[PDB]
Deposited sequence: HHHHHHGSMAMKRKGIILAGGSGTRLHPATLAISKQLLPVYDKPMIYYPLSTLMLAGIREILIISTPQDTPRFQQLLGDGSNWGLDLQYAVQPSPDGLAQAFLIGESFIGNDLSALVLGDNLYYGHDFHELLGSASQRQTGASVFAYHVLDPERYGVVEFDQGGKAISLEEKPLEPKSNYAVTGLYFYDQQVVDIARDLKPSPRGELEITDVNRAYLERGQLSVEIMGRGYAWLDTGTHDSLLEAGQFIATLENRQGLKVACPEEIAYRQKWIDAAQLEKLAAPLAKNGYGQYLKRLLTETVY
């Protein structure tokens, strides 16, 4: 079994065009076939996520909630989430990451099916210095990770989507804090790399990986999603749809979810899914 964690650090309640930002990472985990999900946020925001999503049983999900008292690093998700993870495999997604593209279901599926080691994704960006950066040898094997380097060794940033085996809790517990006293995800990923158990999969230029964490980037992500949805008459990262297509809820349950929203474009969309075949 693989359990999911969304870290919504100290924003993920803001809309990207037509739905809350958190619908995107939630939909990402759901596409990977993960239905048991811990949402970690600030003391102030955790209750607001609870109020919005509840226990998730309406979407065939099992949602739980935990607080990050202070932003002491992303790897703190594994300590906060230790009892939630138990003895299971896990996946970690960041709250302000948006993914789009063809074969994304297959790309997540393959990473998810690995019973041992860790899987991350490398994506060519203009500004790699803002992220974890992967260095490759001539043969395309990952040989180094650097967190926000002044002099990036490549243009390949590690995305905010991480797949882990049962070692991650123990690796997180044994992490030496950074000079700033923070538990860094890059140190978790380097631990797997040093054991020869880090799979770095290329996320090709044919995929969109967008940040939604600045005023400018949120606006650009909004326009991007609006253009796709208005062209297609299909929604990106509609959790009700992904639950339906995963068979976690049936036609009758989707109809019940649509009814209260029926006066607006979202409820009308959910109803139309019942009457058309989408390939």
| item | value |
| --- | --- |
| Non-modelled portions of the deposited polymer sequence, in sequence order | 1-11, 22-34 |
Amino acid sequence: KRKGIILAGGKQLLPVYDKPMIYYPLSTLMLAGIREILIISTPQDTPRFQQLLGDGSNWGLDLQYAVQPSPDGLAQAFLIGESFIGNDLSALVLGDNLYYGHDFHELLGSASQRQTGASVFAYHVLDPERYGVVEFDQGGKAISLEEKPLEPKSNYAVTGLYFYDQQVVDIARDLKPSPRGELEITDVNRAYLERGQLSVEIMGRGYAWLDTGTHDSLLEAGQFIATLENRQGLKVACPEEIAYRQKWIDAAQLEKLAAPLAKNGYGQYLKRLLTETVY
From here on, numbers count along this sequence of modelled residues.
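Take the two forms, superpose them, and find the largest set of C-alpha atoms that agree within 1.5 Å; that set is the rigid core.
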query: RMS CA shift, core-fitted in 8 other deposited structures of this protein, bigger for 169-177 or for 73-81; finding: 169-177
query: Between 207-215 and 236-244, the one whose CA atoms sit farther away in 8 other deposited structures of this protein (rigid core aligned); finding: 207-215
query: Selected stretch [higher average CA B-factor]: 251-259 or 20-28; finding: 251-259
query: Between 162-170 and 134-142 (mean CA B-factor, as deposited), the higher; finding: 134-142
query: Top residue by Cα temperature factor, when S199, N189, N87, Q113 are compared in the entry; finding: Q113
query: Out of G60, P239, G222, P69, residue topping the C-alpha B-factor column of the entry; finding: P69
query: Chain third (lowest, middle, highest) by recorded CA B-factor, residue given as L94; finding: highest
query: Chain-relative CA temperature factor third for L53; finding: middle
query: Chain-wide C-alpha B factor ranking for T214, given as lowest, middle or highest third; finding: middle
query: Assigned third (lowest, middle, highest) for the C-alpha B factor of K153; finding: middle
query: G73 - which third its CA temperature factor falls in, relative to the rest of the chain; finding: highest
